[PDB]
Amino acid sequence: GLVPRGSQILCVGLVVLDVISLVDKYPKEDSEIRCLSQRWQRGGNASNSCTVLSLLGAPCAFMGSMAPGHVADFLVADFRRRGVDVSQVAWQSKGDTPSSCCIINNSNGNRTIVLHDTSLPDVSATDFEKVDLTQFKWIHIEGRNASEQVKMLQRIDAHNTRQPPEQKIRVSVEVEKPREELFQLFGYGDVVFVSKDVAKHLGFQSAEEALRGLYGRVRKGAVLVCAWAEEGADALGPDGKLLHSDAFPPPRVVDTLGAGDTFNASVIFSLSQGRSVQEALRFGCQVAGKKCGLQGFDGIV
């Protein structure tokens, strides 16, 4: 259907089918066991943020790779269940739609993960070239295949050079995996999210240290954001003022999976609504905090 010009928030990244099995004890190799419960969930960073944006009240779209089949059909119906626009999916003739097996031990609480295979090709710069960008007001990129994503980010810069400031597409980038290839993405986007895991891997012991130590890696006028679990989150802009919000923990912590993505989508949402960086930081902490005391994404708003 007809999407009004400059109305959508696009999230580019991974979508995976996570099969989560709760077991009494970890299975020994060569055994046939019965799980206590099993859940099929749509996962992935960009995919999780999409759900959160829909629940926040934003028209939102997902861009990612899928191969036709029964897995992709489950994932699409789940995206559609969450009001996500799936028209930009980069459908692939070769490879498997990502699927992961997670085994949770009910006794000790430990998670054993069999990650999805490498077979499916990631969204390319040539796939991104074919996209009419005018229906987007904001483009969020989950850092994966960096050399290709750098070109997509250059395409958005070119688009923006030709627009009046009120028709310029805002851009955000997430560096969540501690992979060297990804670190070149700090130099792109108006908003750069760096994970606590990446910061710790780079030798930083706090969100303050990470922001001060990495701000030199960003482009002029960019805001660098770091969430540090129960320590809340910090942001640092061109003015040199380290902004901070304390976490809003739930009465009891139930499910932190995808709380990082909830933070990211809530910060993006709040900024896209004309709120300030301090306001966006606070709101992101409030929404991610509510999420941690809930199973899944129901009732985060």
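Between two forms, the rigid core is defined as the largest C-alpha subset superposing within 1.5 Å. Numbers for residues come from their place in the sequence shown, where the first is 1.
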Do you reckon 245-253 or 35-43 strays further from the shown form in 8 other deposited structures of this protein, measuring C-alpha RMS after a core fit?
35-43
Comparing 263-271 with 61-69, which has C-alphas lying farther from the shown form in 8 other deposited structures of this protein once the core is aligned?
61-69
Higher mean Cα B-factor in the deposited model: 110-118 or 78-86?
110-118
Highest mean C-alpha temperature factor of the two stretches 135-143 and 90-98, which is it?
90-98
For the listed residues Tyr26, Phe263, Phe269, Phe62, which one has the largest C-alpha B-factor as given in the deposited model?
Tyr26
Ranked C-alpha temperature factor of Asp234 among modelled chain residues, by third:
lowest
Ranked by Cα temperature factor within the chain, is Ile20 in the lowest third, the middle third or the highest third?
middle
Could you place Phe183 in the lowest, middle or highest third of its chain by Cα temperature factor, using the values in the record?
highest
Chain-relative CA temperature factor third for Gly1:
middle
Quick check for you: using the entry's CA B-factors within this chain, is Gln154 in the lowest, middle or highest third?
middle
